[PDB]
Amino acid sequence: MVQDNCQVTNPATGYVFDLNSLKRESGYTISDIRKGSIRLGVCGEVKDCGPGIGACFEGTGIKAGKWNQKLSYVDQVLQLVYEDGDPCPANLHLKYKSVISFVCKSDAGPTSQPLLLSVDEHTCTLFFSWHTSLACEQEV
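Here, residue numbers run from 1 along each chain following its sequence as written; these need not agree with the numbering used in the entry, and residues that have no coordinates do not appear. Remark: hydrogens and water are excluded; side-chain values derive from all non-hydrogen atoms of the structure.

As documented in the archive entry, the model was determined using solution NMR.

## Here we look at the pairing of strand β4 (residues 37–40)
The two faces of a sheet get side chains in turn, since along a regular strand they alternate between them. For clarity, the cut-off: Burial classification: accessible surface area is computed with a 1.4 Å probe over protein chains only, and a residue below 20% of its type maximum counts as buried, one above 50% as exposed, and the rest as partly exposed. Every helix listed is a DSSP run of H or I at least four residues long, and every strand listed is a run of E at least two residues long, numbered separately from the N terminus. One bridge is not enough; two strands pair if DSSP finds at least two bridges between them.
Burial along β4 is one-sided: the residues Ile-38 and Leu-40 are buried and none of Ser-37 and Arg-39 is. Strand direction decides the pairing type here: strand β3 (residues 28–31) and β4, joined by four bridges, are antiparallel. Within β4, the position partnered with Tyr-28 by the bridge is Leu-40. Linkage of β3 to β4, two consecutive antiparallel strands, is achieved through a turn of five residues. With three bridges connecting them, β4 and strand β5 (residues 53–57) associate as antiparallel partners. Counterpart to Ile-38 in the pairing with β5 is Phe-57.

## A word on the sheet that holds strand β8 (residues 77–82)
Strand-to-strand pairing in sheets goes through backbone hydrogen bonds, with the strands running parallel or antiparallel. Test applied: All axes here are fitted lines through C-alpha atoms, helices being fitted over the stretch that makes contact, and every angle between N-to-C directions spans 0 to 180 degrees.
The mixed open sheet is built from five strands, whose spatial order is β7-β8-β9-β11-β10. The open sheet has two edge strands, β7 (71–74) and β10 (113–119), and neither has a second partner. The sheet shows a mean angle of 25° between the axes of neighbouring strands, taken without regard to direction.

Okay, here's the thing in structure tokens:
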């Protein structure tokens with residue numbers, strides 16, 4: 001099976017971040033003003049663009065990252081990075097990578113709000129901020 005535990009326990013507070021409470025039911029698909037939609041399968045890959053692929057971009061089938069359990073807890077910031085996307089013509093070695101930096105925001109709850117920080121056209125690294133309550137150890 002492909003592991004979808006979507007949870008990591010942090011050593012700081014001893015909290016488990018269960019991202020299963022969100023899940024790709026449909027997949028969050030935000031619109032990029034330049035190109036098109038990007039559909040991300042948090043805690044569950046999108047079969048639509050091929051099972052295993054988590055971040056899929058609306059452009060024929062640009063894969064911006066395979067869903068993999070890179071669930072890392074940085075100090076007050078949940079890190080989920082989609083690696084192994086498609087290779088970019090720029091440097092070739094550089095592939096479409098999606099790094100979602102989850103920063104906490106309590107008024108989010110079931111509806112966490114995304115924010116585009118920067119799209120790097122060289123390194124194909126998509127820097128997204130995700131304002132979610134699940135990003136930090138909420139006391140409730």
